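The structure is given below, and queries will be raised subsequently.
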Amino acid sequence: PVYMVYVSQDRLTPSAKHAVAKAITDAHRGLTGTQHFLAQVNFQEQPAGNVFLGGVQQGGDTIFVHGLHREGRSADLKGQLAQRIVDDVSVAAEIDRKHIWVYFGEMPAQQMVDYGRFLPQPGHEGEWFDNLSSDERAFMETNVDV
Amino acid sequence: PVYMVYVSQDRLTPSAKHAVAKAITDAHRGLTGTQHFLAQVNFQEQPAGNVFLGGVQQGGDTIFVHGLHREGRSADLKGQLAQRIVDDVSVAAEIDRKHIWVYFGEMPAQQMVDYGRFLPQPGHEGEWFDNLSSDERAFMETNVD
Amino acid sequence: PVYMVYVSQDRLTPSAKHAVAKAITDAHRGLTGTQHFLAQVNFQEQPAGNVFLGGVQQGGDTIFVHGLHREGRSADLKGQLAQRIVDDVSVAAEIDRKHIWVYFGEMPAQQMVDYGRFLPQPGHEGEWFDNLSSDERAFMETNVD
């Protein structure tokens with residue numbers, strides 16, 4: 001997946017950013033079984049004051065996660081995954097859940113490219129990864145945290 | 001809603017950001033009935049020159065509004081809303097309509113969370129809000145201009 | 001289309017941004033027939049270190065292209081287009097293909113506005129353009145490289 005995470009500049013330290021990325025990555029892996037290295041977390045920082053809620057300028061505490069997924073998962077699982085992102089990002093960023101918005105968008109795997117390759121259908125990541133070249137598997141496997 | 005608004009840095013001063021965000025917010029409430037406080041307008045600024053149209057580098061006037069909505073509204077209503085955003089952002093930003101791009105994407109409400117809560121189906125915002133906890137209600141009601 | 005291109009700050013010089021924007025734009029016009037000036041390439045730069053893959057902080061080499069399209073093209077065509085974007089961005093940016101991610105989202109043309117006007121269905125780009133006003137066509141025709 002690609003998780004676009006919109007946050008205010010300097011709201012999250014380098015350590016907090018690593019924690020939030022790990023919370024999202026672990027939630028995705030844990031609930032979908034997709035490999036660690038396929039989860040992209042992409043932080044989009046903007047100055048505090050660039051978020052408005054009901055026309056009211058906000059401080060630096062809003063977090064919007066825009067998750068870009070393949071089609072094919074159940075509403076039940078998607079709901080579990082959004083709730084776990086809310087809960088675990090709240091802990092990782094030390095931020096009240098009321099500040100956290102989470103939207104999942106879905107597209108056919110056939111129009112979705114990670115690491116320059118077209119994605120498989122959900123749940124068939126094993127078939128897919130076994131079909132990757134040695135160099136691609138090696139590059140992929142370095143993008144997993146200890 | 002979440003409206004991602006992609007603009008060149010400083011094209012909208014702080015007060016113009018407020019005017020643009022209030023115009024989008026009012027248009028969304030006016031045409032859908034969704035409370036003011038559910039409208040998020042999230043300004044994404046980039047240096048001028050990062051926008052290309054037909055391969056040609058642009059100055060600082062293009063505005064792209066990417067609206068993320070719940071599924072469930074009619075094509076007619078979404079057309080009216082997109083036109084009003086074009087019209088009312090043109091006035092708030094004092095910018096030519098020909099600089100304004102607006103795309104709406106839709107998702108099932110069941111995979112959409114505002115303020116840490118899953119959204120209801122469209123015209124159901126009232127009962128949904130009433131059934132939130134008292135602290136949640138109080139927090140969103142601060143976010144009304 | 002609107003192509004949001006997420007890159008690290010200073011990874012692409014102005015020359016390389018132009019080459020990347022041209023590669024995507026040529027790819028889209030060449031496989032869809034849509035006119036040049038309708039392809040927006042919108043570079044979103046962030047400090048290197050804001051991209052994580054599997055929890056690991058990245059350098060400045062990742063590129064994510066989020067293309068936002070009208071509904072109605074075949075999966076075959078979309079696959080050809082995504083692949084050409086991988087290939088031609090890899091050359092233009094001098095970056096390995098393994099660093100490049102490309103997702104396409106699609107939306108009904110009726111909730112999609114370029115240059116302040118609603119888009120037509122794919123393939124109808126010529127008739128739509130002729131119905132626009134002289135000043136709208138003049139503005140758009142300057143956006144061809």
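Name every residue in the range C:101-132 that is among the acidic types (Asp, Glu) and outside any helix (DSSP H, G or I), in order of residue number.
Within the range C:101-132, C:106, C:114 qualify.
Do we have residue C:12 as under 29 Å from residue A:20 (Cα atoms) and not hydroxyl-bearing (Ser, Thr, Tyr) here?
yes
Identify, from the list B:97, B:84, B:29, the residue that is within 17 Å of residue B:119 (Cβ to Cβ), in contact with a helix residue (DSSP H, G or I) (Cβ under 8 Å, 6 or more places away or on another chain) and among the basic types (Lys, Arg).
B:29
Looking only at the range B:30-45, count every residue that is more than 9 Å from every other protein chain (Cβ to nearest Cβ) and β-branched (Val, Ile, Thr) and tell me the total.
Matching residues across the range B:30-45 total 2.
Within the range B:96-118, which residues are facing chain C (nearest Cβ under 10 Å) and not acidic (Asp, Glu)?
Listed by number, the residues that qualify are B:97, B:98, B:99, B:100, B:101, B:102, B:103, B:104, B:105.
Out of contact with any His (no Cβ under 6 Å at 6 or more places or on another chain) and buried (at least 21 other Cβ atoms within 10 Å of the Cβ): does that describe residue B:40?
Yes; evaluated as a whole, the condition is true for this residue.
Matching residues to (1) polar (S, T, N, Q); (2) in contact (Cβ under 8 Å) with a residue 12 or more places away in the chain; (3) assigned to a strand (DSSP E or B); (4) over 25 Å from residue C:125 (Cα atoms):
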| position | (1), (2), (3), (4) |
| --- | --- |
| C:6 | no, yes, yes, yes |
| C:10 | no, yes, no, yes |
| C:28 | no, yes, no, no |
| C:72 | no, yes, no, no |
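Kindly indicate which of B:23, B:48, B:27 is surrounded by fewer than 19 Cβ atoms within 10 Å (Cβ to Cβ) and more than 8 Å from every other protein chain (Cβ to nearest Cβ).
Only one candidate qualifies: B:48.
Then there's this: What strands (runs of 3 or more DSSP E), lying completely within the range A:55-146, carry at least 2 residues that are facing chain B (nearest Cβ under 8 Å) and touching a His at 6+ places or on another chain (Cβ under 6 Å)?
Once the strands (runs of 3 or more DSSP E) in the range A:55-146 are filtered for at least 2 residues that are facing chain B (nearest Cβ under 8 Å) and touching a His at 6+ places or on another chain (Cβ under 6 Å), what remains is A:100-107.
Each row is one residue, and each column tells you yes or no for (1) under 18 Å from residue A:7 (Cβ atoms); (2) more than 10 Å from the chain's Cα centre (by Cα).
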position	(1), (2)
B:9	yes, yes
B:15	no, yes
B:20	no, no
B:24	no, no
B:28	no, no
B:34	no, yes
B:41	yes, no
B:48	no, yes
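Select from the range B:43-53 the residues that are free of Cβ contacts under 8 Å to residues at least 40 places away in the same chain and within 8 Å of residue C:41 (Cα to Cα) and list them in ascending order.
B:52, B:53
Does residue A:16 satisfy being in contact (Cβ under 8 Å) with a residue 60 or more places away in the chain and assigned to a helix (DSSP H, G or I)?
yes
Let me ask something additional. What about residue C:123, is it over 24 Å from residue A:38 (Cβ atoms), more than 7 Å from every other protein chain (Cβ to nearest Cβ) and exposed (fewer than 15 other Cβ atoms within 10 Å of the Cβ)?
Judged against the criteria, residue C:123 is a match.
With the requirement that a residue be hydroxyl-bearing (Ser, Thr, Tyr) and either surrounded by fewer than 21 Cβ atoms within 10 Å (Cβ to Cβ) or over 14 Å from residue B:41 (Cα atoms) (or both), what does the range A:41-79 give you?
A:74
If you don't mind, another one. Within the bounds of the range C:133-144, is there any residue that is surrounded by fewer than 16 Cβ atoms within 10 Å (Cβ to Cβ), at the interface with another protein chain (Cβ under 8 Å from one of its Cβ atoms), part of a loop (DSSP other than H, G, I, E, B) and out of contact with any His (no Cβ under 6 Å at 6 or more places or on another chain)?
yes
Any idea which of C:118, C:139, C:129 is farther than 17 Å from residue C:73 by Cα and without any contact (Cβ under 8 Å) to a residue 24 or more places away in the chain?
Selected residue: C:118, the only one of C:118, C:139, C:129 that is farther than 17 Å from residue C:73 by Cα and without any contact (Cβ under 8 Å) to a residue 24 or more places away in the chain.
Of all residues in the range C:1-55, which are of a type in the set (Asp, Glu) and touching a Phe, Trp or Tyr at 6+ places or on another chain (Cβ under 9 Å)?
Once the filter is applied, which keeps residues that are of a type in the set (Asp, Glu) and touching a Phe, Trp or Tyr at 6+ places or on another chain (Cβ under 9 Å), the range C:1-55 yields only C:45.
Suppose we filter C:144, C:65, C:102, C:89 for residues that are over 21 Å from residue B:106 (Cα atoms), touching a residue at least 12 places away in the same chain (Cβ under 8 Å) and within 14 Å of the chain's Cα centre (by Cα); which single one remains?
After applying the criteria, what remains is C:89.
Pull up the range C:81-95, narrow it to residues that are surrounded by 20 or more Cβ atoms within 10 Å (Cβ to Cβ) and part of a loop (DSSP other than H, G, I, E, B), then point me to the one that is farthest from the other protein chains (Cβ to nearest Cβ).
The selected residue is C:93.
Would you confirm whether any residue within the range A:80-87 is surrounded by fewer than 22 Cβ atoms within 10 Å (Cβ to Cβ), within 27 Å of residue A:128 (Cβ to Cβ) and without any contact (Cβ under 8 Å) to a residue 60 or more places away in the chain?
Looking for residues that are surrounded by fewer than 22 Cβ atoms within 10 Å (Cβ to Cβ), within 27 Å of residue A:128 (Cβ to Cβ) and without any contact (Cβ under 8 Å) to a residue 60 or more places away in the chain, one finds at least one in the range A:80-87, hence yes.
Tell me which residues, restricted to the range A:19-54, are outside any loop (DSSP other than H, G, I, E, B), free of Cβ contacts under 8 Å to residues at least 12 places away in the same chain and touching a strand residue (DSSP E or B) at 6+ places or on another chain (Cβ under 9 Å).
A:52, A:53 - these are the residues of the range A:19-54 that are outside any loop (DSSP other than H, G, I, E, B), free of Cβ contacts under 8 Å to residues at least 12 places away in the same chain and touching a strand residue (DSSP E or B) at 6+ places or on another chain (Cβ under 9 Å).
No lab work stands behind these numbers, since they all come straight from the coordinates. With ideal geometry, Cβ positions are generated from the backbone for all residues, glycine too; neighbour counts draw on all protein chains shown.
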